[PDB]
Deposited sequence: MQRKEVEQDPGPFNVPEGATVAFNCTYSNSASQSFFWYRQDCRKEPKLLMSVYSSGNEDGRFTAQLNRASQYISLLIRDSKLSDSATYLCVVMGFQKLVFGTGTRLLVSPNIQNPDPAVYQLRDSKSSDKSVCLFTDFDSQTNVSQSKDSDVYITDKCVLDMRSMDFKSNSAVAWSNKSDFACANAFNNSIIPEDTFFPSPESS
């Protein structure tokens, strides 16, 4: 109740501007900060918050003591902006970390080429299925069968080629498992099955 941030995850397309909001209850609160925390890692101070409007590059943080609102603005969001953003409020002898708003920036796949490929083990029968090159608006559903595993979406960035691509991996120990039937709960009608 002391520090309240926007709850749900923000799913934002690359290039969009993002607005984080946060409210604090104690009018006597003196100092305000935004922190950034990547998954399973540590928080890092992003910027201090002022009424005039602190602006550092693509980031803008502002404080409104009348409404007791704190804001963070991210212009031209990049994939590397994906993290949890913590609203941190300092009062007399109490520093309160908000629970955070998670941000997931998805890439804008210009020319989708969705396909499902089978990949063989380098050291000898075992194989995995790679659903790749699909579009950021495509969701992947974790399998509900105990014998076939399906990972979430994953965005890789071939920097030297300015090429981003989505992919998901599926495998199974069952011999009846085939890549054609692998991604059946998660699919586009243009998906290539070589």
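Missing from the model, relative to the deposited sequence, are the ranges 1-3, 128, 191, 200-204.
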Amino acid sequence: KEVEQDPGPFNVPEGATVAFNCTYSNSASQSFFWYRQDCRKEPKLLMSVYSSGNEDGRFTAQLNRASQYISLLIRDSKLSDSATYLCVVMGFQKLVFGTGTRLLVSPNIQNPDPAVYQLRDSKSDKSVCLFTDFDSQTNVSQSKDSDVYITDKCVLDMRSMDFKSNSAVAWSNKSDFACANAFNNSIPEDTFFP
From here on, numbers count along this sequence of modelled residues.
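As recorded in the PDB entry, 114-122 is the stretch of 80-88 and 114-122 with the greater mean C-alpha temperature factor. Stretches 142-150 and 156-164 differ in mean C-alpha B factor, with the higher average recorded for 142-150. Considering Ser127, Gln30, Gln68, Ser48 together, the PDB entry gives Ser127 the largest C-alpha B factor. Which of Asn181, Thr17, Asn11, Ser25 has the largest Cα B-factor in the deposited entry comes down to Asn181. Ranked within its chain, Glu42 lands in the lowest third, by CA B factor from the PDB record.
Split the chain's modelled residues into thirds by C-alpha temperature factor. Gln137 is in the highest one.
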